[PDB]
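Before any comments, here is the structure.
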There are 2 protein chains.
Amino acid sequence: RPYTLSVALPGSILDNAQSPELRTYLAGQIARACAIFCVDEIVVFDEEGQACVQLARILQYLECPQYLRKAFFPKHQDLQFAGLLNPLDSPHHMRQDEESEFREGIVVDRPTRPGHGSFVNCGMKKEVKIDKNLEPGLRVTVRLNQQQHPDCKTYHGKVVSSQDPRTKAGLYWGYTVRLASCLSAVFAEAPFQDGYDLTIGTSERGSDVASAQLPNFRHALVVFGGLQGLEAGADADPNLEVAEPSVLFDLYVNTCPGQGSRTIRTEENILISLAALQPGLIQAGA
Amino acid sequence: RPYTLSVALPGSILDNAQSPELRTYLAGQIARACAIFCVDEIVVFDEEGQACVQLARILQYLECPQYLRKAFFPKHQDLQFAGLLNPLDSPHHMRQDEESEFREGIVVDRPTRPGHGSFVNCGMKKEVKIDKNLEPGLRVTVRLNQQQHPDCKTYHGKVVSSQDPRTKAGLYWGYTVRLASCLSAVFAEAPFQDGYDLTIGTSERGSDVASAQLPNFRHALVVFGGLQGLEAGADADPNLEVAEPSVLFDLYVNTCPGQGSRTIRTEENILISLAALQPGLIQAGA
């Protein structure tokens, strides 16, 4: 299985926006930054919190394919500016008329005939029929059979792991989103039994990324502070009694030497930092 | 003299914004990207055009220190959303109460006494008096004398090259902005007699930036295409009869291998590309 990369950042960044419209745009900028770099997981953490819930909600809306949005998100006041947004244009976001090996779907909520598998809509012209009888409203990944009876009232396909499009066909297939009550929860509530075997924090107080060597790894995590830096969710977390955030991570880096602004915003810092790291990440995640 | 770096991009990117507010924010994102990376020059070029004039205007507003904005920009409808913007927080943007070796100023438009030098305001509590009698309304760079008669009705300082804060004290001191009628004007209308001795264009069609070696250089230029790529201002320019933009530049790079979005927006692409290049630029510009 290929390496994973997870990004963590505070919900509080949305409090800095200057209008609701831009509050939405900024959440959009995060999603795009993470998608461009093929991030597997985004962790929004409370820097000790509706900022966190809103940010996560937006992130999930944008990851979810369009044909599934009506079904998966009731109208909210967090998605009222959904429109003013940039698409991720990720490999799993396709038109109805686009031929593809795999497609996300939702299982229709119907009885079905006794032996028979579920009905799933993958935004194709016809529902897709499958192998198994699964609990409805649930989101799945379907691999469409290559032979498609030209007359059939449905298409046919098989449900598969959601890792398969990455691992089997090299395709980025979106991120997941995880809420964490604090900075220590970002590490502790990690989705891999494993642990995150490589953690990297960013700071203008850190060491030149040029002079950093990454250890071999399976699950990388990169953590961004707010406007107030990683110090704020570190002081404020009671499980962390430290005089500086350096020690929390395997590496602590400044990813933009000799910046010409006093401050880098975190939607800025995600692009710069992931760029500066991408080679590094690529050669160590072997 | 240290190396220079110039960024070029099309005005037409503003046509893609979805609201005037965001049209302004996006121009803001450009300025910030260029400031973070200490860019010396931004060239906005017409991809054969009010988009270009608006973008340039915004860029110049944001570079100009705040105490000089009233003086240098009449109220326009291009700066009506000036407010909804992010400051560059660049080394030449200081409070009135911030002690600094150098400060930008404007020469007051007054006669003065026959021998005597000009009056300049550098947003200090008192006007600054200088060495020379200069033509008024003109923008200058002032180095304040170290000894400051504590009673004097004015401070005293000397006008200096605007390169001095970079070259002498390592300080980023802003960019200039240049309009170009077409893609060939970006190269031809260059501000260095010299030429730009290193040109780099960006494309997902280009070669991995990992595998690129930069030649020694003095004046680098990096060029971004629109939504439609560099092809559009290349076909449309009549001085350029080529089947592909590769050949226009010394290097043609893809700066984000295996992206998980079909498209990178150019305010995105500036951050990623300059990051991916920064080391490279640093070691060749010796």
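We name chains A, B, ... following the order of the structure tokens; residues begin at 1 in each chain, and ligands are numbered from 1 as shown.
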Practice problem: Mind checking which residues fall within 6 Å of residue A:127, counting only C-alpha atoms, ignoring those fewer than 5 positions away in the same chain, and posting them as a list in words? | Solution: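 Near residue A:127, the qualifying residues are residues 120, 121 and 154 of chain A.
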Considering only C-alpha atoms, give me a table of residues in chain B that are at most 10 Å from chain A, with the closest atom pair and distance in Å for each, as JSON lines.
```
{"residue": "B:17", "atom": "CA", "partner": "A:84", "partner_atom": "CA", "distance": 9.4}
{"residue": "B:18", "atom": "CA", "partner": "A:84", "partner_atom": "CA", "distance": 6.9}
{"residue": "B:19", "atom": "CA", "partner": "A:84", "partner_atom": "CA", "distance": 8.4}
{"residue": "B:21", "atom": "CA", "partner": "A:22", "partner_atom": "CA", "distance": 8.9}
{"residue": "B:22", "atom": "CA", "partner": "A:22", "partner_atom": "CA", "distance": 7.9}
{"residue": "B:25", "atom": "CA", "partner": "A:22", "partner_atom": "CA", "distance": 8.8}
{"residue": "B:29", "atom": "CA", "partner": "A:268", "partner_atom": "CA", "distance": 9.0}
{"residue": "B:32", "atom": "CA", "partner": "A:261", "partner_atom": "CA", "distance": 7.8}
{"residue": "B:33", "atom": "CA", "partner": "A:268", "partner_atom": "CA", "distance": 8.0}
{"residue": "B:34", "atom": "CA", "partner": "A:260", "partner_atom": "CA", "distance": 8.7}
{"residue": "B:35", "atom": "CA", "partner": "A:260", "partner_atom": "CA", "distance": 5.4}
{"residue": "B:36", "atom": "CA", "partner": "A:260", "partner_atom": "CA", "distance": 4.6}
{"residue": "B:37", "atom": "CA", "partner": "A:259", "partner_atom": "CA", "distance": 5.8}
{"residue": "B:38", "atom": "CA", "partner": "A:260", "partner_atom": "CA", "distance": 5.0}
{"residue": "B:39", "atom": "CA", "partner": "A:260", "partner_atom": "CA", "distance": 8.5}
{"residue": "B:83", "atom": "CA", "partner": "A:18", "partner_atom": "CA", "distance": 9.6}
{"residue": "B:84", "atom": "CA", "partner": "A:18", "partner_atom": "CA", "distance": 6.9}
{"residue": "B:85", "atom": "CA", "partner": "A:18", "partner_atom": "CA", "distance": 8.9}
{"residue": "B:86", "atom": "CA", "partner": "A:265", "partner_atom": "CA", "distance": 9.8}
{"residue": "B:87", "atom": "CA", "partner": "A:261", "partner_atom": "CA", "distance": 8.9}
{"residue": "B:88", "atom": "CA", "partner": "A:261", "partner_atom": "CA", "distance": 5.8}
{"residue": "B:89", "atom": "CA", "partner": "A:261", "partner_atom": "CA", "distance": 5.1}
{"residue": "B:90", "atom": "CA", "partner": "A:261", "partner_atom": "CA", "distance": 4.7}
{"residue": "B:91", "atom": "CA", "partner": "A:260", "partner_atom": "CA", "distance": 7.0}
{"residue": "B:92", "atom": "CA", "partner": "A:260", "partner_atom": "CA", "distance": 9.9}
{"residue": "B:93", "atom": "CA", "partner": "A:261", "partner_atom": "CA", "distance": 9.8}
{"residue": "B:170", "atom": "CA", "partner": "A:258", "partner_atom": "CA", "distance": 9.4}
{"residue": "B:171", "atom": "CA", "partner": "A:260", "partner_atom": "CA", "distance": 8.0}
{"residue": "B:172", "atom": "CA", "partner": "A:260", "partner_atom": "CA", "distance": 5.7}
{"residue": "B:173", "atom": "CA", "partner": "A:260", "partner_atom": "CA", "distance": 8.3}
{"residue": "B:174", "atom": "CA", "partner": "A:260", "partner_atom": "CA", "distance": 8.3}
{"residue": "B:210", "atom": "CA", "partner": "A:279", "partner_atom": "CA", "distance": 7.7}
{"residue": "B:255", "atom": "CA", "partner": "A:275", "partner_atom": "CA", "distance": 8.5}
{"residue": "B:256", "atom": "CA", "partner": "A:275", "partner_atom": "CA", "distance": 7.6}
{"residue": "B:257", "atom": "CA", "partner": "A:37", "partner_atom": "CA", "distance": 8.9}
{"residue": "B:258", "atom": "CA", "partner": "A:37", "partner_atom": "CA", "distance": 7.9}
{"residue": "B:259", "atom": "CA", "partner": "A:36", "partner_atom": "CA", "distance": 5.0}
{"residue": "B:260", "atom": "CA", "partner": "A:36", "partner_atom": "CA", "distance": 4.6}
{"residue": "B:261", "atom": "CA", "partner": "A:90", "partner_atom": "CA", "distance": 4.7}
{"residue": "B:262", "atom": "CA", "partner": "A:89", "partner_atom": "CA", "distance": 5.5}
{"residue": "B:263", "atom": "CA", "partner": "A:89", "partner_atom": "CA", "distance": 7.2}
{"residue": "B:264", "atom": "CA", "partner": "A:36", "partner_atom": "CA", "distance": 7.6}
{"residue": "B:265", "atom": "CA", "partner": "A:32", "partner_atom": "CA", "distance": 9.7}
{"residue": "B:267", "atom": "CA", "partner": "A:268", "partner_atom": "CA", "distance": 10.0}
{"residue": "B:268", "atom": "CA", "partner": "A:271", "partner_atom": "CA", "distance": 7.4}
{"residue": "B:269", "atom": "CA", "partner": "A:271", "partner_atom": "CA", "distance": 9.0}
{"residue": "B:270", "atom": "CA", "partner": "A:272", "partner_atom": "CA", "distance": 9.6}
{"residue": "B:271", "atom": "CA", "partner": "A:272", "partner_atom": "CA", "distance": 5.8}
{"residue": "B:272", "atom": "CA", "partner": "A:275", "partner_atom": "CA", "distance": 5.5}
{"residue": "B:273", "atom": "CA", "partner": "A:275", "partner_atom": "CA", "distance": 8.0}
{"residue": "B:274", "atom": "CA", "partner": "A:272", "partner_atom": "CA", "distance": 8.2}
{"residue": "B:275", "atom": "CA", "partner": "A:272", "partner_atom": "CA", "distance": 5.5}
{"residue": "B:276", "atom": "CA", "partner": "A:275", "partner_atom": "CA", "distance": 5.8}
{"residue": "B:277", "atom": "CA", "partner": "A:276", "partner_atom": "CA", "distance": 8.9}
{"residue": "B:278", "atom": "CA", "partner": "A:256", "partner_atom": "CA", "distance": 8.5}
{"residue": "B:279", "atom": "CA", "partner": "A:210", "partner_atom": "CA", "distance": 7.7}
```
Quiz prompt | Distance query residue A:76 at most 12 Å, only C-alpha atoms, self and fewer than 2 positions along chain excluded, as an NGL selection string | solution = :A and (53-54 or 57-58 or 61 or 69-70 or 72-74 or 78-82)
Using N, CA and C atoms, can you write the selected residues to a file as a short mmCIF file (atom, residue, chain, number, x, y, z; two decimals), in the first residue's frame?
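Produced file out35.cif, reproduced below:
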```
data_model
loop_
_atom_site.label_atom_id
_atom_site.label_comp_id
_atom_site.auth_asym_id
_atom_site.auth_seq_id
_atom_site.Cartn_x
_atom_site.Cartn_y
_atom_site.Cartn_z
N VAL A 53 -16.59 22.93 12.82
CA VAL A 53 -17.69 22.17 12.24
C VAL A 53 -17.96 22.72 10.83
N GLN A 54 -17.91 24.05 10.68
CA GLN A 54 -18.19 24.66 9.39
C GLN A 54 -17.11 24.29 8.39
N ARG A 57 -17.41 20.81 7.34
CA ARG A 57 -18.58 20.55 6.53
C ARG A 57 -18.26 20.92 5.09
N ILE A 58 -17.62 22.10 4.90
CA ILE A 58 -17.34 22.60 3.56
C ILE A 58 -16.42 21.61 2.84
N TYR A 61 -18.32 18.57 1.70
CA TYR A 61 -19.17 18.90 0.56
C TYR A 61 -18.31 18.86 -0.70
N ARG A 69 -24.35 14.98 -3.78
CA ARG A 69 -24.46 16.06 -2.81
C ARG A 69 -25.90 16.17 -2.30
N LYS A 70 -26.91 16.28 -3.19
CA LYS A 70 -28.30 16.31 -2.74
C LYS A 70 -28.48 15.23 -1.66
N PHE A 72 -26.36 13.45 0.26
CA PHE A 72 -25.58 13.37 1.48
C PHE A 72 -25.62 14.62 2.36
N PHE A 73 -26.00 15.79 1.83
CA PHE A 73 -26.02 17.01 2.65
C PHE A 73 -27.38 17.69 2.62
N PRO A 74 -28.13 17.65 3.74
CA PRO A 74 -29.31 18.50 3.84
C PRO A 74 -28.82 19.94 3.68
N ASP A 78 -24.21 26.45 6.38
CA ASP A 78 -22.78 26.36 6.11
C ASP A 78 -22.53 26.24 4.60
N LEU A 79 -23.50 25.73 3.80
CA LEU A 79 -23.33 25.51 2.35
C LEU A 79 -24.18 26.48 1.52
N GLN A 80 -24.53 27.64 2.09
CA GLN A 80 -25.38 28.59 1.40
C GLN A 80 -24.57 29.34 0.33
N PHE A 81 -23.24 29.38 0.52
CA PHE A 81 -22.33 29.95 -0.46
C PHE A 81 -21.63 28.84 -1.24
N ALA A 82 -22.19 27.62 -1.24
CA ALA A 82 -21.58 26.48 -1.92
C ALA A 82 -21.17 26.90 -3.32
#
```
Quiz prompt | Residue contacts of residue B:199 (8 Å, only C-alpha atoms) excluding same-chain residues fewer than 3 positions away, as an NGL selection string | solution = :B and (196 or 220-223 or 249-251)
Please produce a file of those selected residues containing N, CA, C and O atoms, as a PDB file, in the first residue's frame.
```
ATOM      1  N   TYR B 196      16.461  39.328 -19.981  1.00  0.00           N
ATOM      2  CA  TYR B 196      16.321  38.320 -18.930  1.00  0.00           C
ATOM      3  C   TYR B 196      17.140  37.096 -19.342  1.00  0.00           C
ATOM      4  O   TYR B 196      16.761  36.398 -20.275  1.00  0.00           O
ATOM      5  N   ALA B 220      16.072  36.526 -13.533  1.00  0.00           N
ATOM      6  CA  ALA B 220      15.200  35.414 -13.864  1.00  0.00           C
ATOM      7  C   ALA B 220      13.793  35.942 -14.149  1.00  0.00           C
ATOM      8  O   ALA B 220      13.349  36.908 -13.521  1.00  0.00           O
ATOM      9  N   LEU B 221      13.117  35.314 -15.121  1.00  0.00           N
ATOM     10  CA  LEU B 221      11.699  35.551 -15.320  1.00  0.00           C
ATOM     11  C   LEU B 221      10.932  34.233 -15.296  1.00  0.00           C
ATOM     12  O   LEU B 221      11.330  33.315 -15.998  1.00  0.00           O
ATOM     13  N   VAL B 222       9.802  34.192 -14.568  1.00  0.00           N
ATOM     14  CA  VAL B 222       8.923  33.030 -14.534  1.00  0.00           C
ATOM     15  C   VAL B 222       7.541  33.424 -15.049  1.00  0.00           C
ATOM     16  O   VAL B 222       6.927  34.367 -14.544  1.00  0.00           O
ATOM     17  N   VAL B 223       7.033  32.665 -16.029  1.00  0.00           N
ATOM     18  CA  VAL B 223       5.822  33.049 -16.730  1.00  0.00           C
ATOM     19  C   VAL B 223       4.711  32.034 -16.532  1.00  0.00           C
ATOM     20  O   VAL B 223       4.927  30.852 -16.774  1.00  0.00           O
ATOM     21  N   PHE B 249      11.219  29.460 -24.018  1.00  0.00           N
ATOM     22  CA  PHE B 249      11.909  29.634 -22.756  1.00  0.00           C
ATOM     23  C   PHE B 249      13.124  28.732 -22.722  1.00  0.00           C
ATOM     24  O   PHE B 249      13.163  27.743 -23.431  1.00  0.00           O
ATOM     25  N   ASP B 250      14.037  29.102 -21.820  1.00  0.00           N
ATOM     26  CA  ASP B 250      15.218  28.337 -21.484  1.00  0.00           C
ATOM     27  C   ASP B 250      14.783  27.038 -20.803  1.00  0.00           C
ATOM     28  O   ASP B 250      15.393  26.009 -21.052  1.00  0.00           O
ATOM     29  N   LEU B 251      13.732  27.084 -19.952  1.00  0.00           N
ATOM     30  CA  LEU B 251      13.213  25.905 -19.264  1.00  0.00           C
ATOM     31  C   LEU B 251      11.695  25.921 -19.291  1.00  0.00           C
ATOM     32  O   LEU B 251      11.085  26.985 -19.178  1.00  0.00           O
TER      33      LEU B 251
END
```
Quiz item: Between A:13, A:182, A:248, A:281, which has the minimum distance to residue A:212 (counting only C-alpha atoms)?
Solution: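 Among A:13, A:182, A:248, A:281, it is A:281 that comes nearest to residue A:212.
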Exercise. Can you pull out every residue within 7 Å of residue A:43, counting only C-alpha atoms, but drop anything in the same chain fewer than 5 positions away, and send it as an MDAnalysis selection string?
Key: chainID A and resid 7:9 177:180 186
Would you save the residues from that selection as a short mmCIF file (atom, residue, chain, number, x, y, z; two decimals), in the first residue's frame, using N, CA and C atoms?
```
data_model
loop_
_atom_site.label_atom_id
_atom_site.label_comp_id
_atom_site.auth_asym_id
_atom_site.auth_seq_id
_atom_site.Cartn_x
_atom_site.Cartn_y
_atom_site.Cartn_z
N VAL A 7 -3.02 16.27 6.48
CA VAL A 7 -2.82 17.67 6.83
C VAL A 7 -3.68 18.04 8.04
N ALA A 8 -3.10 18.77 9.00
CA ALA A 8 -3.91 19.25 10.12
C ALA A 8 -3.85 20.77 10.24
N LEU A 9 -4.98 21.37 10.57
CA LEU A 9 -5.01 22.81 10.69
C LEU A 9 -6.19 23.15 11.55
N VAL A 177 -12.10 13.58 6.29
CA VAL A 177 -12.00 14.72 7.19
C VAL A 177 -12.25 14.25 8.60
N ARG A 178 -11.47 14.77 9.54
CA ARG A 178 -11.51 14.29 10.90
C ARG A 178 -11.41 15.50 11.81
N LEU A 179 -12.36 15.57 12.74
CA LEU A 179 -12.41 16.55 13.81
C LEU A 179 -11.68 16.02 15.06
N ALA A 180 -10.94 16.93 15.68
CA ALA A 180 -10.11 16.63 16.83
C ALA A 180 -10.31 17.77 17.82
N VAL A 186 -5.02 15.34 17.61
CA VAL A 186 -4.60 15.17 16.24
C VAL A 186 -3.71 13.93 16.10
#
```
